[PDB]
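Notes follow once the structure below has been shown.
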Amino acid sequence: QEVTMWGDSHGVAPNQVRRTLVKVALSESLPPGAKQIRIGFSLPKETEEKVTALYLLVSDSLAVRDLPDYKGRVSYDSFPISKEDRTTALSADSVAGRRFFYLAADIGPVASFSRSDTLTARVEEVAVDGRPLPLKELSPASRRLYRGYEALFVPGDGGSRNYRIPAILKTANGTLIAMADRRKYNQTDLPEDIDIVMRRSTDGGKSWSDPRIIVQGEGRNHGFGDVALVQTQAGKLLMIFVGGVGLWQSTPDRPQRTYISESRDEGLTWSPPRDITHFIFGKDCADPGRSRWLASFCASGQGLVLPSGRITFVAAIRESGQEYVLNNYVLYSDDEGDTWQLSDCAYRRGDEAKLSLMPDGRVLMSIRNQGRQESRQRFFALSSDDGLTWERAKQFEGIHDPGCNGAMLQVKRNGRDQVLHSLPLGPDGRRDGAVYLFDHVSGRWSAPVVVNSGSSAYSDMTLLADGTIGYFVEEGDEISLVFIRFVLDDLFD
Ligand SMILES: CC(=O)N[C@H]1[C@H]([C@H](O)[C@H](O)CO)OC(C(=O)O)=C[C@@H]1O
């Protein structure tokens, strides 16, 4: 006869409805001799001012996210509470044998969006006919306000059990393209059966089209995923992705293949996928020095189109069956994706790597630290010839990498050229999604700022037209893909 309690720590945005603050779970249904349950809670005046209404929600599901994020797959009743009240009661009959209770709120309109712009509440008492039950707290509540915050892909959406691997792209016309692994049966990588799914926004991420499967996987060893995105200088959209067996199961004669698809109408329609594995490695490769290589995949998220028009993604390539490590090469095209070539080797024992354009026209590459090498720090390299040749740049190091994909944006802050990098803070785990700012002139990283506390993994970022940052992250143990919008001052002033 015990209650367990979880405070909620997901972000919120103005005017959102029925946002959970804390939820509690009874160990058992109320007994037949129970007439009413009554829950007492604490809620600071600072939180009270930022909400317009409270509610007690009752459900037969114990959910991770806000109940409306499940688009009806969670069933609940909702009972309002005056914001000034600190207790509420409900009849056993109305609970109808259910065990999961949520204290939720409607978020007001005003906001300052600073680091201290947070919301919290705590359940202090759950009494059944005046008998307090033992209460155990597993997590506190702290919900930060952002300019935008929306779960774009939630486990269960459209009948897929899971979602992973976010990719985000803003077009020259302002269209937002969001893509992801639709991980149908569970959260594991290829060779599992996986689709590529998409949603679009034409209003800067205020609203999003219904999700559309654009590449359908056809069974185990026949799925697709790990999408990266660019817009070419001629204006076409380009996705690149892998499909087939797993990374370490690929071979020269039976590869996990690399594909590209293009769109000429802002992501509405896409060309039938085109196998470009033969430009890279394996049995159909024209370069005999790469015909015995085993595997290649481009880092999911975004590529980079250079000022010349050269299209680039970083591939991480397995050259030997005698080792489980990868080497980085830039995959590029100077003819709008018609043909593809590889740079010289950019990193030895690398992994998922990302590119960004330096103020002086050099290319900066950020390299995932796979295998807890060295000091468990993120790796960096530099190229001065548009990605053809590379050199390690230790002076950019200085942030921890638990072994996870992330992203870079070149931005101006207070007149000064800086790199914004997204990565889990950890330590040594995929936890607390954070961003850092690297100052070009001083060569020092900022202290991290945690955007989403809790389990956090892959992230992609884009610069919106008005300077806001779109931040697309893997939140939680069973992952939802979440689009968050903030400006730099919200995080760093
Ligand atoms: C094609 C592929 O396998 N991509 C996977 C990537 C890769 O396995 C690793 O980067 C190599 O070390 O890892 C992860 C991961 O969450 O860690 C997710 C990707 O789906």
Side-chain angles (χ1 to χ4, degrees), residues 7-22 41-44 46-55 65-66 68-69 81 83 85-86 103-109 111-122 139-152 168 170 176 201 203-205 207 409 411 413-416 418 420-422 425 432-437 439 446-454 456 459 461-473 475 482-493:
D8 191 309
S9 316
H10 296 110
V12 286
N15 307 319
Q16 281 175 354
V17 310
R18 304 185 290 241
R19 295 297 102 166
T20 305
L21 298 185
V22 43
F41 56 94
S42 59
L43 191 145
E46 275 94 345
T47 294
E48 188 176 307
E49 300 158 344
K50 308 207 224 301
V51 301
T52 63
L54 301 174
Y55 309 85
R65 304 213 57 97
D66 299 288
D69 285 352
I81 286 133
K83 339 170 348 175
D85 286 336
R86 288 310 181 265
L103 178 73
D106 289 350
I107 311 293
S112 86
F113 302 106
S114 84
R115 292 306 290 161
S116 55
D117 227 16
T118 47
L119 299 131
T120 188
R122 182 173 90 181
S139 83
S142 175
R143 295 201 75 167
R144 193 169 280 109
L145 273 144
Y146 292 98
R147 303 188 179 261
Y149 183 95
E150 179 173 353
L152 303 184
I168 186 64
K170 183 180 90 48
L176 286 190
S201 172
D203 58 0
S207 72
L409 289 177
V411 305
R413 226 186 88 92
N414 299 339
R416 313 187 49 93
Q418 308 194 327
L420 180 77
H421 206 307
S422 65
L425 179 54
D432 298 344
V435 295
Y436 316 70
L437 276 172
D439 185 82
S446 65
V449 176
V450 175
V451 184
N452 52 305
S453 69
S456 186
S459 65
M461 319 200 270
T462 188
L463 220 42
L464 300 183
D466 59 41
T468 57
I469 282 141
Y471 171 94
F472 195 23
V473 65
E475 282 198 359
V482 176
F483 190 68
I484 307 171
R485 283 175 281 123
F486 50 86
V487 317
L488 282 179
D489 283 4
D490 300 340
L491 297 195
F492 286 96
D493 297 356

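Side-chain atoms are counted along with the backbone in the values below, which use heavy atoms only and exclude waters and symmetry mates. This chain uses plain numbering: 1 for the first residue, then up along the sequence.
Panel note: side chain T47, backbone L119; no donor-acceptor pair is recorded below 3.5 Å. Side-chain atoms of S139 come within 3.5 Å of backbone N or O of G7 as a donor-acceptor pair. With hydrogens and angles disregarded, a donor-acceptor distance shorter than 3.5 Å links the side chain of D117 to the backbone of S112. A donor-acceptor pair under 3.5 Å is formed between the side chain of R86 and the backbone N or O of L43. A donor-acceptor pair is defined here as one N or O able to donate and one able to accept, closer than 3.5 Å; such a pair exists between the side chain of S42 and the backbone of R122. A donor-acceptor pair under 3.5 Å is absent between the side-chain atoms of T52 and the main chain of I107, judged by distance alone.
Closest approach of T120 to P44, counting heavy atoms only: O-CD, 3.4 Å. Between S446 and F492, the closest heavy-atom pair is OG-CE2, 3.7 Å. Contact record, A141 with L21: CB-O, 3.3 Å, taken as the closest heavy-atom pair. The two residues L54 and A105 have their closest heavy-atom pair at CD2-CB, 3.6 Å. Summarising the geometry of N15 relative to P109, their closest heavy-atom pair is OD1-CA, 3.2 Å, with the distance given to 0.1 Å. Of all the heavy atoms in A434 and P448, the pair that sits closest is CB-CB, 4.1 Å.
Salt bridge status for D489 with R413: present, with a side-chain N to carboxylate O gap under 4.0 Å. Using a cut-off of 4.0 Å between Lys/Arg side-chain N and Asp/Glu carboxylate O, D8 and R19 are scored as not salt-bridged. Ion pairing of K83 with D106 is absent here, as no side-chain N (NZ or NE/NH1/NH2) approaches a carboxylate O to less than 4.0 Å. Under the 4.0 Å criterion applied to side-chain N and carboxylate O atoms, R143 and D66 are assigned as salt-bridge partners.
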Assess the residue pair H10 and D69 against the criterion (side chain to side chain contact (heavy atoms under 4.5 Å, CB included)); give the C-alpha distance rounded to whole Å, side-chain angles, the decisive distance to 0.1 Å, and a yes or no. CA-CA 12 Å; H10 296 110; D69 285 352; over 6 Å; no

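Ring geometry, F472 versus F483: the interplanar angle exceeds 60°, so the pair is classed perpendicular (tilted spans 30 to 60°).
Residues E475 and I484 meet the side-chain proximity criterion, which asks for heavy atoms closer than 4.5 Å. The side-chain heavy atoms of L145 and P14, taken from C-beta on, include a pair separated by under 4.5 Å.
Rounding to the nearest 0.5 angstrom, the gap separating the CZ atom in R147 from the OG1 atom in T468 is 9.0 Å. Here the CZ-CE distance, from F486 to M461, works out to 7.0 Å after rounding to the nearest 0.5 Å. Taken to the nearest 0.5 Å, the CD1 atom of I168 stands 5.0 Å off from the CG atom of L176. In this structure, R416 CZ and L437 CG are separated by 11.5 Å, a value rounded to the nearest 0.5 Å. Taking OG of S116 as the reference point, atom CD of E46 lies at 9.5 Å (rounded to 0.5 Å). Once rounded to the nearest 0.5 Å, the distance linking CD1 of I469 with CG of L463 reads 6.0 Å.
The one candidate from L420, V450, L409 that meets the side chain to side chain contact (heavy atoms under 4.5 Å, CB included) condition with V435 is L420. Of the listed residues (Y471, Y146, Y149), just one forms a side-chain hydrogen bond (donor to acceptor under 3.5 Å, both in side chains) with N452, and that residue is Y471.
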